[PDB]
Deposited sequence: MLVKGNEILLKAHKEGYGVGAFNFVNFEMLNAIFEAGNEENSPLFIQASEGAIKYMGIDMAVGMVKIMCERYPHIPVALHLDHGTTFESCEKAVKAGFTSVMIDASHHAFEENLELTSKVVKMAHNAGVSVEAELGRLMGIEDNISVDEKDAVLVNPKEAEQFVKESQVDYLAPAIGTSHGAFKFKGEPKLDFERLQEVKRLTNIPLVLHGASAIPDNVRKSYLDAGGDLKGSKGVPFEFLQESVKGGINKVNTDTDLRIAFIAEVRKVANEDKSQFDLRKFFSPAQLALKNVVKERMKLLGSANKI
């Protein structure tokens, strides 16, 4: 059922697995993510960014998720506001029925980030909603999370989970040269905070997905994601929520491109989007197995 984020992530923290947190912008993405969760017996974080909420309407974002949760009541699901940028944004999400919100003030000075995050936490905790915040700057290897800052930040804000920057970045172009992450830094943050941790920019760009996209005439020149083995290492190091969006998009649109390329007379939407859903579903299912949330219901 729909539950507070911390219920799902505290279990993952206790047992040492990671739970994929998958973004959606419409019904097709949402359906595919739920079907994957049902097929792999996995709990789900379902995420909507502020841009996604504007596209859908916050009423429809929550409404669709509630319908899906009733379709699959045995699956623990948290509905999460990804990259909330203001107190008001988080407040609106809480009011609409989100069960988890991220307040992202990572680019503010430490004390400003802490003050804003603390303000969101007070509001969200009053409403039974969990909160994520961020420290460090998301970019490839000051910059990265400062573990002693994290220790103080978490203690003083009472935030439920923290996203520490350890060398990932958003999007399909995460690394020029060989992938590298600061796992020692991650482990120190985990020791000092002892809460669930969140990895942003965690898409892998898997080989089969890249191949699907390129085969359909797509251009992914230069793209590189987080290696599977690095995602596993991150979970061993204390990551329990693994934000994944780009992988889902590439897989889905590859299938849309393929149909568009091949059958010029095709305009039945379902013929584009059924294959697109299937590819997205399969990406999510494999990722659930990789991170270890498979079979945790």
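Going by the record, the unmodelled stretch of the deposited sequence is 142 to 151, and nothing else is missing.
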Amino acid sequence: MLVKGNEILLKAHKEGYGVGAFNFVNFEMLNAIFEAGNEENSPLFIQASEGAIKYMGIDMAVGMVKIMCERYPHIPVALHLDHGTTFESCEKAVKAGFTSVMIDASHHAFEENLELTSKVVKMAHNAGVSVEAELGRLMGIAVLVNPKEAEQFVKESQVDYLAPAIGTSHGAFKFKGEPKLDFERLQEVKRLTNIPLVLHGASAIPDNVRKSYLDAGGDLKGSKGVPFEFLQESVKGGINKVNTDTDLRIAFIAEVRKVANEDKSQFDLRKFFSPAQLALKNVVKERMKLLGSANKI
From here on, numbers count along this sequence of modelled residues.
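Mean CA temperature factor is higher for 218 to 226 when stretches 218 to 226 and 129 to 137 are set side by side in the entry. In this entry, the higher average B-factor at the C-alpha atoms falls on 163 to 171, of the pair 163 to 171 and 195 to 203.
Which of 105, 143, 94, 120 has the largest Cα B-factor in the deposited entry comes down to 143. Taking the deposited Cα B-factors for 83, 80, 176, 185, the highest one is held by 176. Residue-level temperature factors show residue 157 in the middle third of its chain, judged at the C-alpha atom.
Among the modelled residues of the chain, residue 247 sits in the middle third by CA temperature factor in this PDB entry. The PDB entry assigns residue 19 a C-alpha temperature factor belonging to the lowest third of its chain's modelled residues.
Placement of the Cα temperature factor of residue 241 within the chain: lowest third of the modelled residues, per the deposited record.
In the PDB entry, a CA B factor belonging to the lowest third of its chain's modelled residues is recorded for residue 8.
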